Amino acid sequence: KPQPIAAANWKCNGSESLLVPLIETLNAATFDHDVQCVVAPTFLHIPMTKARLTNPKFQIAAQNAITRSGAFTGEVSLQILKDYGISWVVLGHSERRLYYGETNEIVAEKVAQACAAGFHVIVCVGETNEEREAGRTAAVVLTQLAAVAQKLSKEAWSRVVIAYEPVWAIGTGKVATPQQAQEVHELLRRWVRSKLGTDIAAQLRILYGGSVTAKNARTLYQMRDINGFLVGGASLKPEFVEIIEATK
């Protein structure tokens, strides 16, 4: 098992009065085992987070970005993020895929650009309730991953992280059973092994996301192909600390 990752996706949430204490708790929590922590605040809150977050085990990521600077009102580019000293980015979140027209190809574009820019990337893949019921899970996630891999060189994979978040488990409280997560993660790593080798597939981090809580993190991490979590809701609470502890 490679170094685990505990990522917090605050999504479209937060206020100064809410984030200050939360960041404080994060700064006092001293984890000893090897673990990479990542917090993803909104663009407007990256500045204050990067100013107060002092825990050396933590890194700050953006929740999204576009490939180049220019006439794109309202968007933020990888170049602007880089000049600010941010080197982690979440791309292809299902919410962006479903609501803001981010197609497999658009996502693959963003990931390729981010990798070249030197970013560490968390790419989200995942199937919907109807896609699973129709028995198309495997086809869906592999097609999503394949579009991304097609634009990457072998060396870029060292900066790539996979996040599997079944849409039917987002903000629904319906977490996948450990066996359910294991199965898909297993599928993902095997495809990567058969395609890029054992070395890369062995070092690759596949994170699980979707109604993760301190009450089920430990059990989910027990599985051999789960390398951590991408946490939403519970990431805005001191509970996140316990979830990081479950990656021991």
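So that there is no doubt, residue numbering starts at 1 and follows the sequence shown. For clarity, a rigid core is taken as the largest C-alpha set superposing within 1.5 Å between two forms.
In a rigid core superposition of the other structures in 4 other deposited structures of this protein, 99-107 and 169-177 differ in how far their CA atoms stray, and the farther one is 169-177. In this crystal structure, the stretch out of 172-180 and 115-123 whose C-alpha atoms carry the higher mean B factor is 172-180. Stretch comparison (220-228 versus 5-13) by mean CA B-factor in the PDB entry places 220-228 on top.
Of the candidates 205, 68, 193, 45, the PDB record gives 193 the highest C-alpha temperature factor.
When the C-alpha B-factors of 37, 214, 61, 188 are read from the PDB record, the largest value belongs to 214. Remark: residue 156 belongs to the highest third of its chain, ranked by C-alpha B-factor as recorded. Remark: residue 197 belongs to the highest third of its chain, ranked by C-alpha B-factor as recorded.
In the PDB entry, a CA B factor belonging to the middle third of its chain's modelled residues is recorded for residue 209. The PDB entry assigns residue 75 a C-alpha temperature factor belonging to the lowest third of its chain's modelled residues. Residue 106: CA B factor in the lowest third of modelled residues in this chain (values from the PDB entry).
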